[PDB]
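Order of the sequence lines sets the chain letters (A, B, ...), proteins ahead of strands, with each chain counted from 1. Quick note: numbers below take in every heavy atom, side chains included, and nothing from hydrogens, waters or symmetry partners.
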Amino acid sequence: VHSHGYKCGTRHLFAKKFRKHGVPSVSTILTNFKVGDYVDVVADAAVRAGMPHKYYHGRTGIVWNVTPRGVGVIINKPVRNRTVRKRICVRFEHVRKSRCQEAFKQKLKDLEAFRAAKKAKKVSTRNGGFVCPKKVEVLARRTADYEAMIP
Amino acid sequence: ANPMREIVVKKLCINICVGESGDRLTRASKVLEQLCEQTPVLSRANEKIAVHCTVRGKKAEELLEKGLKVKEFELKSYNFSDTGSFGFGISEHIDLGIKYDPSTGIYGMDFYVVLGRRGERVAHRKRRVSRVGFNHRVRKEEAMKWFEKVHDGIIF
Amino acid sequence: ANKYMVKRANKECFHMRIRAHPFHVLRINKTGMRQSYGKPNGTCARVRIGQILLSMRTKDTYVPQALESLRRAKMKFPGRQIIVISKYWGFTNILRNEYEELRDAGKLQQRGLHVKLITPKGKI
Amino acid sequence: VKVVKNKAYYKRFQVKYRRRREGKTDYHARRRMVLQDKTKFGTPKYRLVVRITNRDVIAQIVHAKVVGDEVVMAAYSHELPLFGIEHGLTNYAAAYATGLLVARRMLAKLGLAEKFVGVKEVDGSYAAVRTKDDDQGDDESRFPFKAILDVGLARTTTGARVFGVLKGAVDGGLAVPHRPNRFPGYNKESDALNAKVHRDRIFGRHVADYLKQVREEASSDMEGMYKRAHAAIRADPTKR
RNA sequence: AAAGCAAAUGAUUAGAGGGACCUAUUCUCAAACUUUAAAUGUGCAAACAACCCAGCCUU
RNA sequence: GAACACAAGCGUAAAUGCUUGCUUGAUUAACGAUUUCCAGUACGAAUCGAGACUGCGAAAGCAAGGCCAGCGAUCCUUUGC
RNA sequence: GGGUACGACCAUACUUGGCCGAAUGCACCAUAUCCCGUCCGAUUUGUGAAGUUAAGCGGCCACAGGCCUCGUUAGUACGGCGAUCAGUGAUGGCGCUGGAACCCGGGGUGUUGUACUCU
Ligand SMILES: [K+]
Ligand SMILES: [Mg+2]
Ligand SMILES: [Mg+2]
Ligand code: NA
């Protein structure tokens, strides 16, 4: 009940890494964000400006606003018996592009490719079959391994 | 061997540690100025303890010759260092030949001389700094041999 | 353990090592149960199942005395303990029979009270 | 003594960037030079990279990319003899000449020649070039090509050859934002730039005086060819 | 959680090789130590108020 | 393995440390939006912005205090436009 | 087959020691009238080649340290769910199931984009 500030349980949460300290690289700087994208919110801990609250670390949301050095993201949050859509403003360093829809998009690209080729498959292990061993061993629980488990 | 491995004197640093601030430092600063004909600087612990200056070039060679003449062209073996530099000190500036005025008094000084080859810029340049190299580094034995060739005299 | 060994043998025929150190600190409360957190009172060692508490290394002609000395010392400990004969050679991670051959081959680097086997990988 | 560089030291060591180890890149400055507004969704931003070696002057226009920097145009000091300058190639006059070449070649590639021709007569006066950030009250006319100067690790003093390449590029037609505080003729006391002193340096009067003095020391023209060189570059900048 | 101290910080036992000191080991540890690191967890997505392509309009 | 006013944690090496030069972004900021506590109220603190006038820089750029602890309703009094 | 400039990933790229290097280059190097800054042209700034591959740089090597990767430790340690399970207890195995880490052993020691360039 004592000392609940903005950063309470963040000793290991905002720690950087082993042999991976530093500041964001050029590849992070050159990322492009547009309204309607999916992003992950992870803190950087080397950039003090625009760092989100500890609750939103690891969360995924959609962007609704693009600003010269910042991104606005909508994130769900359950409160009592409902979930509230929250909006957070963070800098572009604490935001990463999300790959949560690449499988879905790849599925759509395959479907149109299959139709395009049709306009211009797998082996089931579940079904049975013949098995020819050519050799058969035996498992017998030798007394040697009982004597082995003695440190 | 190579015509680029000759040992040369890089710099000569003169230090006077009077341990006080006031007129004594003022006289010492002037005395160093007449000795090397170049403005000195004050070193502090604040307290303004000492004065010193660094000399490089021909005037470094001439000043080194005068100090060696006082020291009788003889030095101890342990006066050298494994880096490749040595040094000594004289107790009287009057023995250096400088005229005596009964206002400044008599002062001493410490002489240090740094030797090296012609590739030492690499470790000091701003862009693309690197390390010298083990072969190009000047050893103690090379330093002692250099002092034996010119300004001969040494005692172990 | 020390007293029995001196009495029933020689003091220069054995080496005992205690393999449990008292790192845990106990508390005593010593108003009622108000502000009941206690002050340090003593120390103890935390042991677990299968852990070795004492070790004796000696010669083959004194093992009846070694077993009796350990049995008397075990009487001072709480709980249940057993006394076993190690398959290794005197505080070393080397089998008793294999040690004689490796020492003969000379591929055993010697340290005080412990032995490291020579590794082929390294500067010649 | 306690031995540093033991096994524990090498396990915990984290190496710096490769180009930081080699002493070639200042990543603190580079991060700001590539940063752009996120509201500009990846529109190109250009740099003017100027590097001077012991025997060469290099001018490049670089666009940063994730896969790797892309060079759009490059000019070097050793192509000057094809235009008429066979001596120097490192001095302030050569710095001006190579800046003009890279500006002229880039405008030729874009097809933006015969417009934004820059200044024809060479003078050392300040320009105050026109950009979108700060234009001279005019928005109807077409804007010039824009780039920002990238001097690297060089120490930026008054009258340095890096700022000589900048002036040549501006005179060639490029729009590189700048101030005259670092030009050779600038005096910080009066906050005025002596265009006369600047003009002499572009045409190499300082070199000529030293050469004449050296000839005298041995005992007991340049301005004309530089003007011809400037005309030649402005005529056929694509020759090689 | 486990694991580790033959890796940083802290605690700690004894020998060996060059009374301290150094080098390589060794017994034993950590809620307010950690290189590594589970199980049980926890965000998002898996289409119709949407998507893909083609031709246009406006700022 | 130092330092960064102070308690501790995180962070940082051509720097977020030290020295030095110039400065007053510790101003104003059309009732813009948001986070933490949370009843999804206030107060305190903090994040992303639009406009004015500026500072330091050759420039890109950074800055509307010193990162996160350091503070206060109704009524009344008093000041500024 | 190499070099230079600008890079991305940021040790399979680092650290110590050793051997070799055509050409274009890079570099060491020479010097203070002018621009510029220092106690000192050491660093920095302006001028230009009389030399030198000694160093920097590149390539290779070392039962070298580190780092990366695959196995082994090991179905071990630990865990979710179940019992009118065992045991005085401390604890433990069983059923349906998830599943590590250090040590150690084999292998490896940068990949590559843009522009200008010498065979
Ligand atoms: K503003
Ligand atoms: Mg800078
Ligand atoms: Mg505050
Ligand atoms: Na973490």
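- Judged by the sign of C1'-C2'-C3'-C4', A13(F) carries a south-puckered sugar.
- Judged by the sign of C1'-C2'-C3'-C4', the sugar at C5(E) is south, the angle being negative.
- Residue contacts for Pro177(D): at a heavy-atom cut-off of 4.0 Å it reaches the sugar-phosphate backbone alone, with no base atom in range.
- For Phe33(A) and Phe92(A), the gap between ring centers reaches or exceeds 6.0 Å.
- With a cut-off of 3.5 Å on both Watson-Crick or G-U wobble distances, the partner of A47(E) is given as none.
- A Watson-Crick or G-U wobble pair does not link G98(G) to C85(G) when both relevant atom distances must lie under 3.5 Å.
- Across all strands shown, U77(F) forms no Watson-Crick or G-U wobble pair with both distances under 3.5 Å.
- Using a 4.0 Å heavy-atom distance criterion, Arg205(D) is classed as making no nucleic acid contact.
- Nearest to the side chain of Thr39(B), among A7(E), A13(G), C39(G), sits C39(G).
- Surrounding CD1 of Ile18(C) are at most 12 heavy atoms belonging to other residues, nucleotides or ligands under 6.0 Å away.
- Nucleotides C94(G) and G82(G) qualify as a pair under the Watson-Crick or G-U wobble definition, both contacts being shorter than 3.5 Å.
- South puckering is assigned to the sugar ring of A49(G), since its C1'-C2'-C3'-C4' angle is below zero.
- Counting non-hydrogen atoms under 4.0 angstrom, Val26(A) reaches the backbone sugars and phosphates but no base.
- For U43(G), its base never sits under 3.5 Å from the side chain of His124(B) at any donor and acceptor pair.
- Less than 6.0 angstrom separates the ring centroid of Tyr126(D) from the ring centroid of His178(D).
- Closest to the side chain of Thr158(D), from the set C36(G), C62(F), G11(F), is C36(G).
- Backbone-only engagement by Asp56(D) is indicated by non-hydrogen atom pairs under 4.0 Å involving sugar-phosphate atoms exclusively.
- Taken as a pair, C36(G) and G41(G) qualify: Watson-Crick (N1-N3 plus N6-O4 or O6-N4) or G-U wobble (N1-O2 and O6-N3), both under 3.5 Å.
- A positive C1'-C2'-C3'-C4' angle places the sugar of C61(G) in the north (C3'-endo) family.
- Note on ring orientation: taking the six-membered ring where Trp is involved, the planes of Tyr56(A) and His53(A) are perpendicular (angle over 60°, cut-offs 30° and 60°).
- Contacts of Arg32(D) with the nucleic acid, taken as non-hydrogen atoms under 4.0 Å apart, include base atoms.
- With contacts defined as side-chain heavy-atom distances shorter than 4.5 Å, the pair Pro68(A)/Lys38(D) does not qualify.
- Nucleic acid contact for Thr10(A): none, since no nucleic acid atom lies under 4.0 Å from a heavy atom of the residue.
- Between the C1' atom of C36(G) and the CZ atom of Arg161(D) lies a distance of 12 Å, rounded to the nearest Å.
- Heavy atoms of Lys2(D) sit under 4.0 angstrom from primed sugar atoms or phosphate atoms, though from no base atom.
- At a threshold of 4.5 Å between non-hydrogen side-chain atoms, the residues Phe163(D) and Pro184(D) do not count as touching.
- Contact check for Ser130(B) versus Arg125(B): side-chain heavy atoms found under the 4.5 Å cut-off.
- Counting any heavy atom pair closer than 4.0 Å across all strands shown, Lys16(A) reaches sugar-phosphate atoms only and no base atom.
- Nucleotide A33(F) carries an anti base; the chi torsion (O4'-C1'-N9-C4 or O4'-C1'-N1-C2) is more than 90° from 0.
- With hydrogens and angles ignored, a donor-acceptor pair under 3.5 angstrom links the side chain of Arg55(D) to the base of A49(G).
- Within the nucleic acid shown, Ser3(A) has no heavy atom closer than 4.0 Å to any nucleic acid atom.
- Taking only distance into account, the side chain of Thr54(B) meets the base of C40(G) through a donor-acceptor pair shorter than 3.5 Å.
- The closest side-chain donor-acceptor pair between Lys196(D) and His198(D), if any, does not fall under 3.5 angstrom.
- Anti is the classification of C36(G), since its glycosidic angle lies more than 90° from 0.
- Base pairing of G55(E): no nucleotide in any strand meets the Watson-Crick or G-U wobble criterion (both distances under 3.5 Å).
- For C38(F), the base is syn relative to its sugar; the glycosidic angle is within 90° of 0.
- Contact annotation for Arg179(D): base contact, defined as any heavy-atom pair under 4.0 Å involving a base atom.
- Judged by distance alone, with hydrogens and angles left aside, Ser130(B) brings no side-chain donor or acceptor close enough to the base of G56(G) to form a pair under 3.5 Å.
- With its glycosidic angle more than 90° from 0, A69(F) adopts the anti conformation.
- No hydrogens or angles were tested; on distance alone, nothing pairs the side chain of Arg118(B) with the base of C28(G) as donor and acceptor under 3.5 Å.
- Near RNA chain F, meaning a heavy atom under 4.0 Å away, the residues from residues 50-58 of chain A are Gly50(A), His53(A), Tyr56(A).
- Not a single donor-acceptor pair, N or O on each side, falls under 3.5 Å between the base of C29(E) and the side chain of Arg46(C).
- No side-chain heavy atom of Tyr76(D) sits under 4.5 Å from any side-chain heavy atom of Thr98(D).
- Across all strands, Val66(D) comes closer than 4.0 Å only to sugar-phosphate atoms, never to a base (heavy-atom distances).
- In this structure, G32(F) forms a base pair with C48(F), meeting either the Watson-Crick or the G-U wobble geometry with both donor-acceptor distances under 3.5 Å.
- Across the P atoms, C39(G) and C6(G) are found 32 Å apart, a figure rounded to whole Å.
- Remark: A31(E) and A32(E) stack on each other (six-membered ring centres under 5.5 Å, interplanar angle under 30°).
- Checking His12(A) against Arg127(B), the closest nucleotide of RNA chain F that is more toward the 5' end is the one next to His12(A).
- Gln101(A) comes within contact range of the sugar-phosphate backbone alone, with a heavy-atom separation under 4.0 Å but no base atom that close.
- Within 6.0 Å of the NZ atom in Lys11(B), the count of heavy atoms belonging to other residues, nucleotides or ligands does not exceed 12.
- We find that OH of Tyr10(D) is positioned 13 Å from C1' of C67(G), with the value rounded to whole Å.
- Using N1 to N3 plus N6-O4 or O6-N4 for Watson-Crick, or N1-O2 and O6-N3 for G-U wobble, each under 3.5 Å, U16(F) pairs with nothing.
- Residue note: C57(G) shows a north-type sugar, the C1'-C2'-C3'-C4' torsion being above zero.
- Using the Watson-Crick or G-U wobble rule with both distances under 3.5 Å, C60(G) pairs with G18(G).
- Here the side chain of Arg47(D) is nearest to one of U47(G), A58(F), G7(G), namely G7(G).
- Nearer to the 5' terminus of RNA chain F, by closest-nucleotide assignment, is the contact made by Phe14(A) (compared with the other of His178(D) and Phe14(A)).
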Check the interface with nucleotides 86-88 of chain G: list each N/O to N/O pair with the protein under 3.5 Å, or write none.
none

Q: May I have the step-by-step check of salt bridge (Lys or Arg N to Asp or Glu O under 4.0 Å) for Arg18(D) and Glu22(D), ending in yes or no?
A: CA-CA 6 Å; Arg18(D) 177 192 191 187; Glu22(D) 289 156 356; 3.4 Å; yes
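- Residues from residues 64-95 of chain A lying near RNA chain E, meaning a heavy-atom separation below 4.0 Å, are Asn76(A) in numerical order.
- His21(A) comes within 4.0 angstrom of sugar-phosphate atoms only, judged by non-hydrogen atoms across all strands, and of no base.
- The base-pairing partner of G66(G), taking Watson-Crick or G-U wobble contacts with both distances under 3.5 Å, is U109(G).
- At least one side-chain nitrogen or oxygen of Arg125(B) sits closer than 4.0 Å to the OP1 or OP2 atom of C28(G).
- Counting non-hydrogen atoms under 4.0 angstrom, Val55(B) reaches nothing in the nucleic acid.
- Base pairing of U23(F) is not made with any nucleotide, judged by Watson-Crick or G-U wobble geometry with both donor-acceptor distances under 3.5 Å.
- Nucleotides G51(G) and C28(G) meet the pairing criterion: a Watson-Crick or G-U wobble pair with both donor-acceptor distances under 3.5 Å.
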